[PDB]
Protein chains: 2
Amino acid sequence: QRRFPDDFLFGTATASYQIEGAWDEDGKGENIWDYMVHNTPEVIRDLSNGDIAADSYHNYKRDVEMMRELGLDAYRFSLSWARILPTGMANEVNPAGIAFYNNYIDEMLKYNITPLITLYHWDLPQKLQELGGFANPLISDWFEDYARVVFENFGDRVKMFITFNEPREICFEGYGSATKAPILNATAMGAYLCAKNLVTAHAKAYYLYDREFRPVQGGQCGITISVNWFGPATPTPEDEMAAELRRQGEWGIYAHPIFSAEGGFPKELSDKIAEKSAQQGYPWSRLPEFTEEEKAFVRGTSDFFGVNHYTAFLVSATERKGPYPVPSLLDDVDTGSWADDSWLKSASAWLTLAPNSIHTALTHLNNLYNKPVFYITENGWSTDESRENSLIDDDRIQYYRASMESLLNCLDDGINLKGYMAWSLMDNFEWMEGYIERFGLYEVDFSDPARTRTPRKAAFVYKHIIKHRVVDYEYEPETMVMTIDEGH
Amino acid sequence: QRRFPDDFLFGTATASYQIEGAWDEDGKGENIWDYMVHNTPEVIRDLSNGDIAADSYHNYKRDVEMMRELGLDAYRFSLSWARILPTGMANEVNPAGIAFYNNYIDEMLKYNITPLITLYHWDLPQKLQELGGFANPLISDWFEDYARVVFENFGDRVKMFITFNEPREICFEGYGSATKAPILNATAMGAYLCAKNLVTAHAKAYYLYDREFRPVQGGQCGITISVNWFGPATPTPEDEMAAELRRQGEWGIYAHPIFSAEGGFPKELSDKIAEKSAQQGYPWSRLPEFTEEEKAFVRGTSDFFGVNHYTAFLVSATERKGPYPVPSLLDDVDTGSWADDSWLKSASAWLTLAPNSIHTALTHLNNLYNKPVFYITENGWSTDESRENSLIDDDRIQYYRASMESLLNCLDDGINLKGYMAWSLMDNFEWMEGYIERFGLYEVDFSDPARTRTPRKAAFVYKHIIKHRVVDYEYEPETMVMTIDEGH
Ligand SMILES: *[C@@H]1O[C@H](CO)[C@@H](O[C@@H]2O[C@H](CO)[C@@H](O)[C@H](O)[C@H]2NC(C)=O)[C@H](O)[C@H]1NC(C)=O
Ligand SMILES: *[C@@H]1O[C@H](CO)[C@@H](O[C@@H]2O[C@H](CO)[C@@H](O)[C@H](O)[C@H]2NC(C)=O)[C@H](O)[C@H]1NC(C)=O
């Protein structure tokens, strides 16, 4: 039997806007999601919002009770910048926001669950957005100041910080298009400008931690990037090339500056954007090139490579290029992309069960970026909220076991992989998709004001994998009621 | 009797959004006023907008005919950034946009009227505002690119450029509160952030002009700043000190970096902000102090001091302090201000006929900033739309004649004043006041599709002053019909 080492960290992950609720309580400022869903509710598919969500603001002791039921080693959550600094700036630190996170953290440590904190998981204060947000290079400073408040208030107890979660979803989807707040839809340059400012913010936050808190606190600071596998649709030179560009456009622009030896943006995509910008009449490249000291400043600034990974894609230089805006990043990249029709489908169009996809992605990164320290910070499966017998999720179980096998392949290739976090502990507000797509190991009842969390079959399977450290394909729980085991 | 020398440039001024109309014609992009008024029309007192305005886009030939009738030496108008560059960036230069400004200009020159062009008079493309506008340091570079296009296209014929009209109205009113688009109301630091970015954009446009255009074109590049006189309410050290600080807050903040010997922001106001910011718990000052390199970059970057001046105010250290937001610019300044109640009142609350105010403001500047070249780029009087017999404007006559006397006092004092531009050639969209407050020498019928222009009595008085170069207090126009005197 292949076995997970005892020290391998199993957890789950959530994000503040998706679970907390209490959106205008105890002095919390308005964020870009609050702003969007209140002004244009129609952008959410089921017309719902995160005003209450899973109400973790009030129900955090139950959340920890659920982590214990699972036997988790660690839990990854995010901090709401506007709950902590309602104006966005560090002149006003909200003590109710700080008390809550201290309460949640302290509850975790009481039962020996390791906290992993993400500083930014998509909920910028609306007041900062008014000033340009991630399009404004001053975001580096605002973020540095926020990171100080976070490290000094929580760093005594929390030893693993993530600056940003999924830059692509921040930059491309939020600034370069209309699929995430703040739906700026600045297709020509938004994504690239955001990219540059975000990785510079990261770097500043990193040097702060390294300079002013690491010596006393002894933790680590990193970043998480979404790295799905993108491979060539046909084993052809032109599709090998298309896939390479697609990777650079999907995650290379964010990872390269931080994790490459030389720094800056990926070279191939950079030349193609430059060519495109000139043909289009811009007196410079829509992709701002790094100066040599900017490259130096940003590279080397991560203690680990956090990887959010779900799936795989086939990429074609010619086929099935859905009409993209011009100019735009996906037009710059110039490729079509899709799932193999045989791969198991979830309730989310982009999400399929691609066999061994974690191992494929990490092997590529491990060779490309000089064998860094890896954590899988998100991986999971969506099911439709309308499903009959929604607590019985054999498809989710299938997906988790396949991810586990792929994690075990990574370990027997000597990839320095230290942990896995399932997305998500419980159902939550799934951005533009609202409550239609459910990722929880625990189901939440969003009609019920107590927001009762009930374990799905897969919660028991994950519990079983964590405890036994192997995947037993014959395991099915006899009872669907959770207990906490001894020592947890 | 005193006399204006023959070389004195008499003209009038207008701004693009206030007169042009054609707000979405011929590829023109959305600007911040289009956006504000179409999304929240109620912010305009009379529920008006500039969709059509005086329709100068179509009526420009009649506009020039009106300059001829007045016998103007010169005409100051603004260029619409979004009409020229619909996306805000220099990739697409809108040909119908350029053609319109080339037609307007070539018509002025055909009848020997000198064009003075303002690059920015408050109509930022909405696409650039989405990225933060003047809150975003990258505005410097966007503006420089826009300026290149302006100097390239029009500098062969236009030898006088003004970068920005009235930085206070842009920054304080627009970003620091809710009285101008884009009504961001970022009271704590919006004004100060904008201030820094605007004087930096100015300086870049200036060095661009100086290096790449001036040697061939032989023109000048300047800025216009609103400098109303602010004097002490009582002859007291406390009210002297209050008046100085108020001057620094209203205009010094914008003028000092560009026009003083040392550069940077004014010292007294800066220490005051740093003190307030410290006791408000900010980790730095809300006024970003210039580095030594920044101070040298921005200082010395104007060929003349364009002055918008209308009136004067009395200032107290203790009395009549309106309710100011905390933090804010007026709260940092911490003064009360009001017009002397004995002065003649116009249809605008802020605007009174303060006797000899031009001379008082300019004398102060002349001594403060070492004898620069001055133009009065705006000066004028407001009357109510509803006024009975709106073509008879003896109060306007009084204002203008007092202004002429004040200019002659300046010339007699040896102040290097080169010209005067009356606001405005015609009635136009008066921002938040719509068409309620009328400033025109010519009245416009805004319910008429042809937007007929008809001269007020004041048009005949101004025409007389330009012809004979003296103020005749006994002169009263014979006719209400206007003609072009030969030689014009
Ligand atoms: C976001 O911006 C894009 C690009 O400006 C818009 O997409 C286009 O709009 C027209 C009209 O709908 C389409 O026919 C074109 O295919 C697109 N234009 C270009 C230049 O590629 C899109 O509509 C905007 N989205 C939202 C939600 O406002
Ligand atoms: C712009 O911001 C100002 C300053 O915050 C707002 O003025 C006040 O509004 C709040 C309401 O929460 C009051 O409690 C304060 O007392 C007000 N300040 C003053 C000086 O009276 C104002 O509401 C905002 N303007 C908008 C949104 O148009």
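Analysis parameters
Positions along each chain are numbered from 1 by the written sequence. They may not match the entry numbering, and residues without coordinates are not shown. Note on labels: chains are lettered from A, ligands numbered from 1, in written order. With hydrogens and water excluded, all non-hydrogen atoms of the structure serve as input to the side-chain values. Using a grid of 1 Å spacing that covers the protein atoms alone, one calls a set of points a cavity when a 1.4 Å probe fits there but cannot get out, and a pocket when the set is open and has protein on both sides within 12 Å along at least five of seven lines; lining residues are those with an atom within 4 Å of a point. Grid points are joined across faces, edges and corners, and a volume is the space filled by probe spheres set on the points. Residues were grouped as follows: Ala, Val, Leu, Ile, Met, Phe, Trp, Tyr, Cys and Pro as nonpolar; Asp, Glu, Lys and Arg as charged; and all remaining residues, including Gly, as polar. In this text, helices come from DSSP runs of H or I with a minimum length of four residues, and strands from runs of E with a minimum of two, each type numbered from the N-terminal end. Only protein chains enter the area calculation, which uses a 1.4 Å probe; residues under 20% of their type maximum are buried, those over 50% are exposed, and those in between are partly exposed. DSSP bridges decide pairing: two strands pair if at least two such bridges lie between them. One heavy atom suffices: a residue is near a molecule or strand as soon as one of its heavy atoms comes within 4 Å of it. Pairs of N or O atoms within 3.5 Å make up the polar contacts considered here, provided that, within protein, one atom can donate a hydrogen while the other can accept it, and that residues adjacent in sequence are counted only when both atoms are side-chain atoms. Areas reported as accessible are Shrake-Rupley estimates using a 1.4 Å probe. Residue values count occlusion only from the protein chains shown. By definition, residues are in contact when any of their heavy atoms lie within 4.5 Å. By buried area we mean the combined loss of accessible area, with a 1.4 Å probe, across both parts when two parts are placed together. The term salt bridge refers to a pairing of a side-chain nitrogen on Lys or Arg with a carboxyl oxygen on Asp or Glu at a separation within 4 Å. To obtain an axis, a line is fitted to C-alpha atoms, over the contacting stretch when the element is a helix, and the angle between two such axes runs from 0 to 180 degrees between their N-to-C directions. Here the word oblique covers every angle except those under 35 degrees (roughly parallel), over 145 (roughly antiparallel) and from 65 to 115 (roughly perpendicular). Working rule for handedness: look at the near helix, and if it is turned counterclockwise from the far one by less than a right angle, call the crossing left-handed; if clockwise, right-handed. The copies are aligned by least squares, using only their C-alpha atoms. Between the first and last residue of a helix there are one fewer steps than residues, each counted as 1.5 Å, and that sum is the expected span. What we call the bend at a residue is the angle made by axes fitted to the seven residues finishing there and the seven residues starting there.

Its PDB header attributes the entry to X-ray crystallography and lists the resolution as 2.0900 Å.

A.B. asks: Help me get a handle on the layout of surface pockets, residues and values and all.
C.D. replies: Taken as a whole, the largest pocket spans an internal volume of roughly 1500 Å³. For the largest pocket, the lining is made up of 46 residues, of which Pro137 and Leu138 of chain A together with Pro137, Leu138 and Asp141 of chain B are closest to its centre. Taken together, the residues of the lining of the largest pocket break down into 20 nonpolar, 10 polar and 16 charged. Its volume calculated, the second largest pocket comes out at about 1200 Å³. If you go around the second largest pocket, you meet 41 residues; those closest to its centre are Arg168, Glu169, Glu173, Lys180 and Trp350 of chain B. No other element matches helix 11 (residues 237-259) of chain B, which puts three residues into the lining of the second largest pocket. Residue classes in the lining of the second largest pocket are distributed as 17 nonpolar, 12 polar and 12 charged.

A.B. asks: Which residues make up empty space enclosed by the protein, and what values go with them?
C.D. replies: A water-sized probe rolled over the atoms picks out the places where empty space is left. Residues and elements named next belong to chain B. What the rule picks out here adds up to eight cavities of 30 Å³ or more. One number sums up the size of the largest cavity: a volume of about 70 Å³. Lining the largest cavity, in full, are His309, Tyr310, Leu353, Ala354, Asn356, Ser357, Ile358, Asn379, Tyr399, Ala402, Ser403 and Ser406. Taken together, the elements giving at least two residues each to the lining of the largest cavity come down to helix 15 (357-368) and helix 16 (394-412). Here the element with the most residues in the lining of the largest cavity is helix 16; it accounts for four residues. Partitioned by chemical class, the residues of the lining of the largest cavity number six nonpolar, six polar and no charged.

A.B. asks: Residue-level account of the pairing of strand 5 (residues 220-226) of chain A, with values.
C.D. replies: Note on strand geometry: in a regular strand, side chains alternate between the two faces of the sheet. All names here are of chain A. Most of strand 5 is tucked away: six of the seven residues are buried. Two strands pair when backbone bridges link them, and strand 4 (residues 160-165) and strand 5 are joined in this way by four bridges, in the parallel orientation. When the sheet's bridge partners are listed, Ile162 is paired in strand 5 with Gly222. One ladder, built from four bridges, connects strand 5 with strand 7 (residues 305-308); its direction is parallel. What sits directly across from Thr224, in strand 7, is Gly306.

A.B. asks: I'd love a proper account of the site of ligand 1, names of residues and values included.
C.D. replies: Residues and elements named next belong to chain A. The environment of ligand 1 is made up of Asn185, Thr187, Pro325 and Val326. Contact distances for ligand 1 include 2.4 Å between an oxygen atom and a side-chain N or O atom of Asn185. A distance of 3.0 Å separates an oxygen atom of ligand 1 from a polar atom in the backbone of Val326. Burial of ligand 1 by the surrounding chains reaches 27%, relative to a free accessible area of 580 Å².

A.B. asks: Tell me about the interface of chain B and chain A, residues and numbers included.
C.D. replies: Chain B puts 20 residues into the contact, and the matching count from chain A is 19 residues. Both faces considered, chain B and chain A share a buried interface measuring about 1800 Å² in area, 68% of it formed by carbon and sulfur atoms. When residues of chain B are sorted by the area they lose upon contact with chain A, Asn91, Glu130 and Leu131 of chain B head the list and together hold 27% of the total. In this assembly, chain B and chain A are joined by zero salt bridges. At the surface where chain B touches chain A, the tally comes to four residue pairs in polar contact. Of the residues contributing to the side of chain B that touches chain A, the split by class is 12 nonpolar, six polar and two charged.

A.B. asks: Quick one: what's the story with the packing of helix 16 (residues 394-411) of chain A against helix 17 (residues 457-468) of chain A, residue by residue and with numbers?
C.D. replies: All names here are of chain A. It is the contact of helix 16 with helix 17, at a shortest axis distance of 8 Å, that shows an interaxial angle of 25°. With respect to helix 17, the element helix 16 is oriented roughly parallel. Crossing hand, helix 16 versus helix 17: right-handed. For the pair helix 16 and helix 17, the contacting residues are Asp394, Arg396, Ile397, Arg401 and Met404 in the first and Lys457, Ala458, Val461 and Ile465 in the second. For the contact of helix 16 with helix 17, the per-class residue count stands at five nonpolar, no polar and four charged.

A.B. asks: Outline the packing of helix 11 (residues 237-259) of chain A against helix 12 (residues 267-280) of chain A, supporting the account with residue identities and numerical values.
C.D. replies: Residue and element names in this part refer to chain A. Relative orientation of the contacting elements helix 11 and helix 12 amounts to 95°, with a least axis distance of 9 Å. When the axis of helix 11 is compared with that of helix 12, the two are roughly perpendicular. Together, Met241, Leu245, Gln248, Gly249 and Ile253 of helix 11 and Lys267, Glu268, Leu269 and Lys272 of helix 12 make up the contact between the two elements. Of the residues assigned to the contact of helix 11 with helix 12, the class counts are four nonpolar, two polar and three charged.

A.B. asks: Break down the sheet that holds strand 9 (residues 336-338) of chain B for me, with residues and values.
C.D. replies: Residues and elements named next belong to chain B. Taken together, three strands build an open sheet; the order of strands is 6-8-9 and the sheet is mixed. Unpaired on one side and paired on the other, strand 6 (229-232) and strand 9 mark the two borders of the sheet. Going from strand to strand, the sheet's axes swing by 35° on average, the running direction of each strand aside. Pairing between strand 8 (residues 312-316) and strand 9: three bridges, direction antiparallel. For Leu314, the partnering residue across the bridge sits in strand 9 and is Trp338. Relative to the sheet, helix 11 contacts strand 6, strand 8 and strand 9, its axis offset from that of strand 6 by approximately 160°.

A.B. asks: For the relation of the copies chain B and chain A, give the residues involved together with the corresponding values.
C.D. replies: After a rotation of 179° and a shift along the axis of 0.0 Å, chain B superposes on chain A with an RMSD of 0.2 Å. The operation mapping one copy onto its partner corresponds to a two-fold rotation axis. By C-alpha distance to the rotation axis, the residue of chain B lying nearest is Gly132 of chain B, at 1.8 Å.

A.B. asks: With reference to specific residues and values, describe helix 11 of chain A.
C.D. replies: Here helix 11 of chain A spans only 27 Å end to end across 23 residues, well under the 33 Å set by a 1.5 Å rise per residue. In helix 11 of chain A, a bend of some 70° at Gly252 of chain A exceeds every other bend along the element.

A.B. asks: With reference to specific residues and values, describe helix 5 (residues 95-110) of chain A.
C.D. replies: Residue and element names in this part refer to chain A. An ideal rise of 1.5 Å per residue puts 22 Å on 16 residues; helix 5 measures up with 22 Å between its terminal C-alpha atoms. When helix 5 is considered as a whole, its buried residues turn out to be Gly97, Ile98, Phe100, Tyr101, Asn102, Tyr104, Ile105, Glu107 and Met108. Lining the buried residues of helix 5 we find helix 1 (16-19), helix 3 (56-70), strand 2 (74-78), helix 4 (81-84), strand 3 (114-120) and helix 7 (139-154). Its side-chain oxygen at 3.3 Å from the backbone nitrogen of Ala96, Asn94 defines the N-terminal cap of helix 5. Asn112 sits one or two residues past helix 5 and shows a positive phi near 55°.

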